[PDB]
file target14.pdb (PDB, C-alpha atoms)
MODEL        1
ATOM      1  CA  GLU A 338       0.000   0.000   0.000  1.00  0.00           C
ATOM      2  CA  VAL A 339       3.007   2.234   0.659  1.00  0.00           C
ATOM      3  CA  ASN A 340       4.377   0.873  -2.586  1.00  0.00           C
ATOM      4  CA  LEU A 341       1.233   2.023  -4.373  1.00  0.00           C
ATOM      5  CA  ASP A 342       1.634   5.388  -2.624  1.00  0.00           C
ATOM      6  CA  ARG A 343       5.416   5.858  -3.216  1.00  0.00           C
ATOM      7  CA  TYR A 344       4.831   5.038  -6.933  1.00  0.00           C
ATOM      8  CA  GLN A 345       1.888   7.461  -7.296  1.00  0.00           C
ATOM      9  CA  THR A 346       3.886  10.196  -5.652  1.00  0.00           C
ATOM     10  CA  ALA A 347       6.796   9.816  -8.083  1.00  0.00           C
ATOM     11  CA  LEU A 348       4.328   9.531 -10.966  1.00  0.00           C
ATOM     12  CA  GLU A 349       2.734  12.929 -10.360  1.00  0.00           C
ATOM     13  CA  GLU A 350       6.158  14.460  -9.969  1.00  0.00           C
ATOM     14  CA  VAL A 351       7.615  13.028 -13.239  1.00  0.00           C
ATOM     15  CA  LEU A 352       4.344  13.579 -15.068  1.00  0.00           C
ATOM     16  CA  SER A 353       4.181  17.246 -13.962  1.00  0.00           C
ATOM     17  CA  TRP A 354       7.854  17.625 -14.959  1.00  0.00           C
ATOM     18  CA  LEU A 355       7.042  16.155 -18.302  1.00  0.00           C
ATOM     19  CA  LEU A 356       4.287  18.712 -18.992  1.00  0.00           C
ATOM     20  CA  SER A 357       6.774  21.444 -17.909  1.00  0.00           C
ATOM     21  CA  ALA A 358       9.561  20.254 -20.169  1.00  0.00           C
ATOM     22  CA  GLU A 359       7.049  20.209 -23.066  1.00  0.00           C
ATOM     23  CA  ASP A 360       6.134  23.802 -22.047  1.00  0.00           C
ATOM     24  CA  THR A 361       9.755  24.727 -22.222  1.00  0.00           C
ATOM     25  CA  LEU A 362      10.375  23.148 -25.597  1.00  0.00           C
ATOM     26  CA  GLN A 363       7.277  24.839 -27.128  1.00  0.00           C
ATOM     27  CA  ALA A 364       8.251  28.237 -25.672  1.00  0.00           C
ATOM     28  CA  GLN A 365      11.776  27.990 -27.173  1.00  0.00           C
ATOM     29  CA  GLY A 366      10.094  28.934 -30.459  1.00  0.00           C
ATOM     30  CA  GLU A 367      12.092  28.899 -33.750  1.00  0.00           C
ATOM     31  CA  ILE A 368      15.858  28.507 -34.249  1.00  0.00           C
ATOM     32  CA  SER A 369      17.660  31.784 -34.901  1.00  0.00           C
ATOM     33  CA  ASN A 370      18.725  33.173 -38.257  1.00  0.00           C
ATOM     34  CA  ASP A 371      21.422  34.938 -36.166  1.00  0.00           C
ATOM     35  CA  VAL A 372      24.345  32.435 -35.747  1.00  0.00           C
ATOM     36  CA  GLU A 373      25.028  34.139 -32.383  1.00  0.00           C
ATOM     37  CA  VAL A 374      21.643  33.324 -30.756  1.00  0.00           C
ATOM     38  CA  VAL A 375      21.766  29.856 -32.389  1.00  0.00           C
ATOM     39  CA  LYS A 376      24.985  28.972 -30.512  1.00  0.00           C
ATOM     40  CA  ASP A 377      23.438  29.999 -27.244  1.00  0.00           C
ATOM     41  CA  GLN A 378      20.249  28.090 -28.142  1.00  0.00           C
ATOM     42  CA  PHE A 379      22.460  25.089 -28.972  1.00  0.00           C
ATOM     43  CA  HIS A 380      24.475  25.119 -25.745  1.00  0.00           C
ATOM     44  CA  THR A 381      21.202  25.667 -23.740  1.00  0.00           C
ATOM     45  CA  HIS A 382      19.499  22.680 -25.452  1.00  0.00           C
ATOM     46  CA  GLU A 383      22.583  20.515 -24.635  1.00  0.00           C
ATOM     47  CA  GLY A 384      21.832  21.209 -20.887  1.00  0.00           C
ATOM     48  CA  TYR A 385      18.224  20.359 -21.756  1.00  0.00           C
ATOM     49  CA  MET A 386      19.251  16.955 -23.105  1.00  0.00           C
ATOM     50  CA  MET A 387      21.394  16.409 -19.916  1.00  0.00           C
ATOM     51  CA  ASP A 388      18.349  17.169 -17.887  1.00  0.00           C
ATOM     52  CA  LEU A 389      16.206  14.935 -20.199  1.00  0.00           C
ATOM     53  CA  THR A 390      18.568  11.968 -19.659  1.00  0.00           C
ATOM     54  CA  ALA A 391      18.393  12.195 -15.860  1.00  0.00           C
ATOM     55  CA  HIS A 392      14.598  12.268 -15.952  1.00  0.00           C
ATOM     56  CA  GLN A 393      14.654   9.316 -18.349  1.00  0.00           C
ATOM     57  CA  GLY A 394      15.964   7.357 -15.292  1.00  0.00           C
ATOM     58  CA  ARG A 395      12.957   8.450 -13.250  1.00  0.00           C
ATOM     59  CA  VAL A 396      10.508   7.514 -15.981  1.00  0.00           C
ATOM     60  CA  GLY A 397      11.987   4.021 -16.147  1.00  0.00           C
ATOM     61  CA  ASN A 398      12.017   3.690 -12.403  1.00  0.00           C
ATOM     62  CA  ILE A 399       8.249   4.457 -12.301  1.00  0.00           C
ATOM     63  CA  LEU A 400       7.759   2.016 -15.170  1.00  0.00           C
ATOM     64  CA  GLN A 401       9.510  -0.648 -13.088  1.00  0.00           C
ATOM     65  CA  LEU A 402       7.486   0.141  -9.960  1.00  0.00           C
ATOM     66  CA  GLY A 403       4.191   0.321 -11.874  1.00  0.00           C
ATOM     67  CA  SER A 404       4.788  -3.051 -13.620  1.00  0.00           C
ATOM     68  CA  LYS A 405       5.853  -4.873 -10.467  1.00  0.00           C
ATOM     69  CA  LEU A 406       2.770  -3.560  -8.699  1.00  0.00           C
ATOM     70  CA  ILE A 407       0.595  -5.109 -11.485  1.00  0.00           C
ATOM     71  CA  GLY A 408       2.788  -8.218 -11.402  1.00  0.00           C
ATOM     72  CA  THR A 409       2.375  -8.944  -7.649  1.00  0.00           C
ATOM     73  CA  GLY A 410      -1.311  -9.802  -8.355  1.00  0.00           C
ATOM     74  CA  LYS A 411      -2.060  -7.871  -5.209  1.00  0.00           C
ATOM     75  CA  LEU A 412      -3.896  -4.921  -6.776  1.00  0.00           C
ATOM     76  CA  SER A 413      -7.677  -4.768  -7.013  1.00  0.00           C
ATOM     77  CA  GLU A 414      -9.453  -4.553 -10.411  1.00  0.00           C
ATOM     78  CA  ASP A 415      -9.667  -0.724 -10.367  1.00  0.00           C
ATOM     79  CA  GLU A 416      -6.154  -0.239  -8.943  1.00  0.00           C
ATOM     80  CA  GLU A 417      -4.721  -2.290 -11.788  1.00  0.00           C
ATOM     81  CA  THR A 418      -6.701  -0.548 -14.508  1.00  0.00           C
ATOM     82  CA  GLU A 419      -5.423   2.764 -13.132  1.00  0.00           C
ATOM     83  CA  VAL A 420      -1.722   1.760 -12.843  1.00  0.00           C
ATOM     84  CA  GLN A 421      -2.159   0.546 -16.454  1.00  0.00           C
ATOM     85  CA  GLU A 422      -3.609   3.815 -17.744  1.00  0.00           C
ATOM     86  CA  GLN A 423      -0.874   5.746 -15.899  1.00  0.00           C
ATOM     87  CA  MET A 424       1.861   3.873 -17.645  1.00  0.00           C
ATOM     88  CA  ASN A 425       0.317   4.289 -21.029  1.00  0.00           C
ATOM     89  CA  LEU A 426       0.329   8.047 -20.221  1.00  0.00           C
ATOM     90  CA  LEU A 427       3.865   7.988 -18.858  1.00  0.00           C
ATOM     91  CA  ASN A 428       4.983   5.974 -21.896  1.00  0.00           C
ATOM     92  CA  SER A 429       3.220   8.127 -24.400  1.00  0.00           C
ATOM     93  CA  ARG A 430       4.016  11.472 -22.900  1.00  0.00           C
ATOM     94  CA  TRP A 431       7.673  10.602 -22.473  1.00  0.00           C
ATOM     95  CA  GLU A 432       8.062   9.419 -26.053  1.00  0.00           C
ATOM     96  CA  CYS A 433       6.356  12.484 -27.406  1.00  0.00           C
ATOM     97  CA  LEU A 434       8.884  14.758 -25.592  1.00  0.00           C
ATOM     98  CA  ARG A 435      11.845  12.527 -26.191  1.00  0.00           C
ATOM     99  CA  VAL A 436      11.218  12.652 -30.039  1.00  0.00           C
ATOM    100  CA  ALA A 437      10.750  16.476 -30.225  1.00  0.00           C
ATOM    101  CA  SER A 438      13.857  17.005 -28.055  1.00  0.00           C
ATOM    102  CA  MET A 439      15.811  14.812 -30.414  1.00  0.00           C
ATOM    103  CA  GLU A 440      14.468  16.699 -33.496  1.00  0.00           C
ATOM    104  CA  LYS A 441      15.429  19.999 -31.919  1.00  0.00           C
ATOM    105  CA  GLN A 442      18.915  18.748 -31.069  1.00  0.00           C
ATOM    106  CA  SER A 443      19.348  17.662 -34.653  1.00  0.00           C
ATOM    107  CA  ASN A 444      17.904  20.781 -36.202  1.00  0.00           C
ATOM    108  CA  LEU A 445      20.060  22.959 -33.837  1.00  0.00           C
ATOM    109  CA  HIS A 446      23.242  21.044 -34.535  1.00  0.00           C
ATOM    110  CA  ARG A 447      22.530  20.981 -38.286  1.00  0.00           C
ATOM    111  CA  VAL A 448      21.936  24.743 -38.461  1.00  0.00           C
ATOM    112  CA  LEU A 449      25.226  25.408 -36.643  1.00  0.00           C
ATOM    113  CA  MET A 450      27.390  23.064 -38.669  1.00  0.00           C
ATOM    114  CA  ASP A 451      26.038  25.228 -41.512  1.00  0.00           C
ATOM    115  CA  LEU A 452      26.360  28.779 -40.234  1.00  0.00           C
ATOM    116  CA  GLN A 453      28.862  28.925 -37.324  1.00  0.00           C
TER     117      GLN A 453
ENDMDL
END

call {"tool": "encode", "arguments": {"input": "target14.pdb", "output": "structure tokens"}}
result
Amino acid sequence: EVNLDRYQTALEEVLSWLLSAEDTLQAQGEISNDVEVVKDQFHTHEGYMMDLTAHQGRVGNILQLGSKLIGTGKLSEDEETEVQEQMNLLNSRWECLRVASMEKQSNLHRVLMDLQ
């Protein structure tokens, strides 16, 4: 029961962080025509990908905890359904950010190999 609570506490935290990191990526806007802003944008996004990587460990940890909870057989019908929906969401929201962050990294690095 404390498992099911420690899990759900980490889930809201990572999930919230995930909406925030989306927020951040979608505020960044467009890559600069100015090679000077671009380099800044590039070195900023590299700290973003460092941050991404660390939170990738948290997402997996919650995926492990969630799964094992299901696996114990010790969850009720509803409890299981919910842990199941939560991991869909965690999987899908993570992958959506992870892909856009990788695009951005590529577009940023490509536009600097060009211009800088």

call {"tool": "atom_distance", "arguments": {"input": "target14.pdb", "atom1": "CA of residue 365 in chain A", "atom2": "CA of residue 351 in chain A"}}
result
20.9 Å

call {"tool": "residues_near_point", "arguments": {"input": "target14.pdb", "point": "(3.0, -0.2, -0.7)", "cutoff": "12 Å", "atoms": "only C-alpha atoms", "output": "PDB file with C-alpha atoms, in the coordinates of the input"}}
result
ATOM      1  CA  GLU A 338       0.000   0.000   0.000  1.00  0.00           C
ATOM      2  CA  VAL A 339       3.007   2.234   0.659  1.00  0.00           C
ATOM      3  CA  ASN A 340       4.377   0.873  -2.586  1.00  0.00           C
ATOM      4  CA  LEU A 341       1.233   2.023  -4.373  1.00  0.00           C
ATOM      5  CA  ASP A 342       1.634   5.388  -2.624  1.00  0.00           C
ATOM      6  CA  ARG A 343       5.416   5.858  -3.216  1.00  0.00           C
ATOM      7  CA  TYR A 344       4.831   5.038  -6.933  1.00  0.00           C
ATOM      8  CA  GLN A 345       1.888   7.461  -7.296  1.00  0.00           C
ATOM      9  CA  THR A 346       3.886  10.196  -5.652  1.00  0.00           C
ATOM     10  CA  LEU A 402       7.486   0.141  -9.960  1.00  0.00           C
ATOM     11  CA  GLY A 403       4.191   0.321 -11.874  1.00  0.00           C
ATOM     12  CA  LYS A 405       5.853  -4.873 -10.467  1.00  0.00           C
ATOM     13  CA  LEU A 406       2.770  -3.560  -8.699  1.00  0.00           C
ATOM     14  CA  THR A 409       2.375  -8.944  -7.649  1.00  0.00           C
ATOM     15  CA  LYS A 411      -2.060  -7.871  -5.209  1.00  0.00           C
ATOM     16  CA  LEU A 412      -3.896  -4.921  -6.776  1.00  0.00           C
TER      17      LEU A 412
END

call {"tool": "resolve_selection", "arguments": {"input": "target14.pdb", "expression": "the PyMOL selection byres ((chain A and resi 383) around 12)", "output": "ChimeraX atom specification"}}
result
/A:376-382,384-390,438-439,441-443,445-446

call {"tool": "write_last_selection", "arguments": {"input": "target14.pdb", "atoms": "C-alpha atoms", "output": "PDB file, in the coordinates of the input"}}
result
ATOM      1  CA  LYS A 376      24.985  28.972 -30.512  1.00  0.00           C
ATOM      2  CA  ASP A 377      23.438  29.999 -27.244  1.00  0.00           C
ATOM      3  CA  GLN A 378      20.249  28.090 -28.142  1.00  0.00           C
ATOM      4  CA  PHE A 379      22.460  25.089 -28.972  1.00  0.00           C
ATOM      5  CA  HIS A 380      24.475  25.119 -25.745  1.00  0.00           C
ATOM      6  CA  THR A 381      21.202  25.667 -23.740  1.00  0.00           C
ATOM      7  CA  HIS A 382      19.499  22.680 -25.452  1.00  0.00           C
ATOM      8  CA  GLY A 384      21.832  21.209 -20.887  1.00  0.00           C
ATOM      9  CA  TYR A 385      18.224  20.359 -21.756  1.00  0.00           C
ATOM     10  CA  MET A 386      19.251  16.955 -23.105  1.00  0.00           C
ATOM     11  CA  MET A 387      21.394  16.409 -19.916  1.00  0.00           C
ATOM     12  CA  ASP A 388      18.349  17.169 -17.887  1.00  0.00           C
ATOM     13  CA  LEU A 389      16.206  14.935 -20.199  1.00  0.00           C
ATOM     14  CA  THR A 390      18.568  11.968 -19.659  1.00  0.00           C
ATOM     15  CA  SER A 438      13.857  17.005 -28.055  1.00  0.00           C
ATOM     16  CA  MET A 439      15.811  14.812 -30.414  1.00  0.00           C
ATOM     17  CA  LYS A 441      15.429  19.999 -31.919  1.00  0.00           C
ATOM     18  CA  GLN A 442      18.915  18.748 -31.069  1.00  0.00           C
ATOM     19  CA  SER A 443      19.348  17.662 -34.653  1.00  0.00           C
ATOM     20  CA  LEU A 445      20.060  22.959 -33.837  1.00  0.00           C
ATOM     21  CA  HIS A 446      23.242  21.044 -34.535  1.00  0.00           C
TER      22      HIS A 446
END

call {"tool": "residues_around", "arguments": {"input": "target14.pdb", "residues": "residue 428 in chain A", "least_positions_apart": "5", "cutoff": "10 Å", "atoms": "all atoms listed in the file", "output": "VMD selection string"}}
result
chain A and resid 396 to 397 400 422 to 423 433

call {"tool": "atom_distance", "arguments": {"input": "target14.pdb", "atom1": "CA of residue 352 in chain A", "atom2": "CA of residue 426 in chain A"}}
result
8.6 Å

call {"tool": "atom_distance", "arguments": {"input": "target14.pdb", "atom1": "CA of residue 357 in chain A", "atom2": "CA of residue 431 in chain A"}}
result
11.8 Å

call {"tool": "resolve_selection", "arguments": {"input": "target14.pdb", "expression": "the PyMOL selection byres ((chain A and resi 372) around 9)", "output": "PDB file with C-alpha atoms, in the coordinates of the input"}}
result
ATOM      1  CA  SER A 369      17.660  31.784 -34.901  1.00  0.00           C
ATOM      2  CA  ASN A 370      18.725  33.173 -38.257  1.00  0.00           C
ATOM      3  CA  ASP A 371      21.422  34.938 -36.166  1.00  0.00           C
ATOM      4  CA  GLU A 373      25.028  34.139 -32.383  1.00  0.00           C
ATOM      5  CA  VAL A 374      21.643  33.324 -30.756  1.00  0.00           C
ATOM      6  CA  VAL A 375      21.766  29.856 -32.389  1.00  0.00           C
ATOM      7  CA  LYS A 376      24.985  28.972 -30.512  1.00  0.00           C
ATOM      8  CA  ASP A 377      23.438  29.999 -27.244  1.00  0.00           C
ATOM      9  CA  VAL A 448      21.936  24.743 -38.461  1.00  0.00           C
ATOM     10  CA  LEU A 449      25.226  25.408 -36.643  1.00  0.00           C
ATOM     11  CA  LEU A 452      26.360  28.779 -40.234  1.00  0.00           C
ATOM     12  CA  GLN A 453      28.862  28.925 -37.324  1.00  0.00           C
TER      13      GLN A 453
END

call {"tool": "closest_residue", "arguments": {"input": "target14.pdb", "among": "A:407, A:391, A:434, A:362", "to": "residue 421 in chain A", "atoms": "only C-alpha atoms"}}
result
A:407

call {"tool": "closest_residue", "arguments": {"input": "target14.pdb", "among": "A:361, A:392, A:401, A:436", "to": "residue 424 in chain A", "atoms": "all atoms listed in the file"}}
result
A:401

call {"tool": "closest_residue", "arguments": {"input": "target14.pdb", "among": "A:451, A:354, A:427, A:435", "to": "residue 399 in chain A", "atoms": "only C-alpha atoms"}}
result
A:427

call {"tool": "closest_residue", "arguments": {"input": "target14.pdb", "among": "A:413, A:450, A:444, A:348", "to": "residue 367 in chain A", "atoms": "all atoms listed in the file"}}
result
A:444

call {"tool": "axis_aligned_box", "arguments": {"input": "target14.pdb", "around": "range 423-434 of chain A", "padding_each_side": "4 Å", "output": "AutoDock Vina command-line options"}}
result
--center_x 4.0 --center_y 9.3 --center_z -21.7 --size_x 17.8 --size_y 18.9 --size_z 19.5

call {"tool": "build_atoms", "arguments": {"input": "target14.pdb", "residues": "range 427-449 of chain A", "atoms": "N, CA, C and O atoms", "output": "PDB file, in the frame of the given file"}}
result
ATOM      1  N   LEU A 427       2.425   7.863 -19.036  1.00  0.00           N
ATOM      2  CA  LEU A 427       3.865   7.988 -18.858  1.00  0.00           C
ATOM      3  C   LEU A 427       4.617   7.505 -20.117  1.00  0.00           C
ATOM      4  O   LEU A 427       5.470   8.216 -20.639  1.00  0.00           O
ATOM      5  N   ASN A 428       4.309   6.335 -20.658  1.00  0.00           N
ATOM      6  CA  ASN A 428       4.983   5.974 -21.896  1.00  0.00           C
ATOM      7  C   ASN A 428       4.747   6.972 -23.034  1.00  0.00           C
ATOM      8  O   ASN A 428       5.659   7.393 -23.714  1.00  0.00           O
ATOM      9  N   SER A 429       3.511   7.345 -23.244  1.00  0.00           N
ATOM     10  CA  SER A 429       3.220   8.127 -24.400  1.00  0.00           C
ATOM     11  C   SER A 429       3.683   9.554 -24.248  1.00  0.00           C
ATOM     12  O   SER A 429       4.189  10.157 -25.203  1.00  0.00           O
ATOM     13  N   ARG A 430       3.606  10.098 -23.041  1.00  0.00           N
ATOM     14  CA  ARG A 430       4.016  11.472 -22.900  1.00  0.00           C
ATOM     15  C   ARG A 430       5.511  11.627 -22.957  1.00  0.00           C
ATOM     16  O   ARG A 430       6.011  12.562 -23.569  1.00  0.00           O
ATOM     17  N   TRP A 431       6.226  10.653 -22.391  1.00  0.00           N
ATOM     18  CA  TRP A 431       7.673  10.602 -22.473  1.00  0.00           C
ATOM     19  C   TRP A 431       8.183  10.552 -23.903  1.00  0.00           C
ATOM     20  O   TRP A 431       9.082  11.320 -24.293  1.00  0.00           O
ATOM     21  N   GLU A 432       7.624   9.620 -24.685  1.00  0.00           N
ATOM     22  CA  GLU A 432       8.062   9.419 -26.053  1.00  0.00           C
ATOM     23  C   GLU A 432       7.785  10.619 -26.901  1.00  0.00           C
ATOM     24  O   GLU A 432       8.609  11.005 -27.746  1.00  0.00           O
ATOM     25  N   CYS A 433       6.643  11.243 -26.689  1.00  0.00           N
ATOM     26  CA  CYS A 433       6.356  12.484 -27.406  1.00  0.00           C
ATOM     27  C   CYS A 433       7.418  13.585 -27.152  1.00  0.00           C
ATOM     28  O   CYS A 433       7.814  14.302 -28.070  1.00  0.00           O
ATOM     29  N   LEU A 434       7.875  13.744 -25.917  1.00  0.00           N
ATOM     30  CA  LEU A 434       8.884  14.758 -25.592  1.00  0.00           C
ATOM     31  C   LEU A 434      10.248  14.321 -26.075  1.00  0.00           C
ATOM     32  O   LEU A 434      11.053  15.101 -26.657  1.00  0.00           O
ATOM     33  N   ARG A 435      10.538  13.069 -25.848  1.00  0.00           N
ATOM     34  CA  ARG A 435      11.845  12.527 -26.191  1.00  0.00           C
ATOM     35  C   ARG A 435      12.116  12.724 -27.684  1.00  0.00           C
ATOM     36  O   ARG A 435      13.165  13.285 -28.024  1.00  0.00           O
ATOM     37  N   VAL A 436      11.145  12.391 -28.558  1.00  0.00           N
ATOM     38  CA  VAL A 436      11.218  12.652 -30.039  1.00  0.00           C
ATOM     39  C   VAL A 436      11.393  14.108 -30.472  1.00  0.00           C
ATOM     40  O   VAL A 436      12.279  14.408 -31.321  1.00  0.00           O
ATOM     41  N   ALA A 437      10.625  15.032 -29.896  1.00  0.00           N
ATOM     42  CA  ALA A 437      10.750  16.476 -30.225  1.00  0.00           C
ATOM     43  C   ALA A 437      12.056  17.054 -29.782  1.00  0.00           C
ATOM     44  O   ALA A 437      12.618  17.936 -30.471  1.00  0.00           O
ATOM     45  N   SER A 438      12.540  16.605 -28.617  1.00  0.00           N
ATOM     46  CA  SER A 438      13.857  17.005 -28.055  1.00  0.00           C
ATOM     47  C   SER A 438      14.989  16.512 -28.916  1.00  0.00           C
ATOM     48  O   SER A 438      16.003  17.159 -29.053  1.00  0.00           O
ATOM     49  N   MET A 439      14.820  15.350 -29.493  1.00  0.00           N
ATOM     50  CA  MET A 439      15.811  14.812 -30.414  1.00  0.00           C
ATOM     51  C   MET A 439      15.790  15.537 -31.772  1.00  0.00           C
ATOM     52  O   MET A 439      16.826  15.821 -32.337  1.00  0.00           O
ATOM     53  N   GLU A 440      14.602  15.848 -32.293  1.00  0.00           N
ATOM     54  CA  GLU A 440      14.468  16.699 -33.496  1.00  0.00           C
ATOM     55  C   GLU A 440      15.206  18.014 -33.316  1.00  0.00           C
ATOM     56  O   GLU A 440      16.034  18.419 -34.156  1.00  0.00           O
ATOM     57  N   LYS A 441      14.898  18.678 -32.204  1.00  0.00           N
ATOM     58  CA  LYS A 441      15.429  19.999 -31.919  1.00  0.00           C
ATOM     59  C   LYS A 441      16.930  19.944 -31.880  1.00  0.00           C
ATOM     60  O   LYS A 441      17.599  20.795 -32.478  1.00  0.00           O
ATOM     61  N   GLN A 442      17.463  18.937 -31.203  1.00  0.00           N
ATOM     62  CA  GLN A 442      18.915  18.748 -31.069  1.00  0.00           C
ATOM     63  C   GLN A 442      19.545  18.614 -32.430  1.00  0.00           C
ATOM     64  O   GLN A 442      20.578  19.192 -32.694  1.00  0.00           O
ATOM     65  N   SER A 443      18.917  17.819 -33.283  1.00  0.00           N
ATOM     66  CA  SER A 443      19.348  17.662 -34.653  1.00  0.00           C
ATOM     67  C   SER A 443      19.210  18.912 -35.490  1.00  0.00           C
ATOM     68  O   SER A 443      20.104  19.257 -36.242  1.00  0.00           O
ATOM     69  N   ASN A 444      18.060  19.568 -35.426  1.00  0.00           N
ATOM     70  CA  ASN A 444      17.904  20.781 -36.202  1.00  0.00           C
ATOM     71  C   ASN A 444      18.956  21.809 -35.704  1.00  0.00           C
ATOM     72  O   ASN A 444      19.674  22.396 -36.513  1.00  0.00           O
ATOM     73  N   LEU A 445      19.071  22.007 -34.395  1.00  0.00           N
ATOM     74  CA  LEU A 445      20.060  22.959 -33.837  1.00  0.00           C
ATOM     75  C   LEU A 445      21.481  22.679 -34.286  1.00  0.00           C
ATOM     76  O   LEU A 445      22.204  23.574 -34.737  1.00  0.00           O
ATOM     77  N   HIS A 446      21.882  21.422 -34.166  1.00  0.00           N
ATOM     78  CA  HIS A 446      23.242  21.044 -34.535  1.00  0.00           C
ATOM     79  C   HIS A 446      23.452  21.182 -36.058  1.00  0.00           C
ATOM     80  O   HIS A 446      24.501  21.656 -36.521  1.00  0.00           O
ATOM     81  N   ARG A 447      22.439  20.820 -36.839  1.00  0.00           N
ATOM     82  CA  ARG A 447      22.530  20.981 -38.286  1.00  0.00           C
ATOM     83  C   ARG A 447      22.687  22.434 -38.701  1.00  0.00           C
ATOM     84  O   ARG A 447      23.519  22.746 -39.576  1.00  0.00           O
ATOM     85  N   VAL A 448      21.886  23.317 -38.110  1.00  0.00           N
ATOM     86  CA  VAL A 448      21.936  24.743 -38.461  1.00  0.00           C
ATOM     87  C   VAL A 448      23.186  25.454 -37.979  1.00  0.00           C
ATOM     88  O   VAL A 448      23.362  26.634 -38.287  1.00  0.00           O
ATOM     89  N   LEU A 449      24.008  24.792 -37.167  1.00  0.00           N
ATOM     90  CA  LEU A 449      25.226  25.408 -36.643  1.00  0.00           C
ATOM     91  C   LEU A 449      26.458  24.894 -37.380  1.00  0.00           C
ATOM     92  O   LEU A 449      27.441  25.622 -37.556  1.00  0.00           O
TER      93      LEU A 449
END
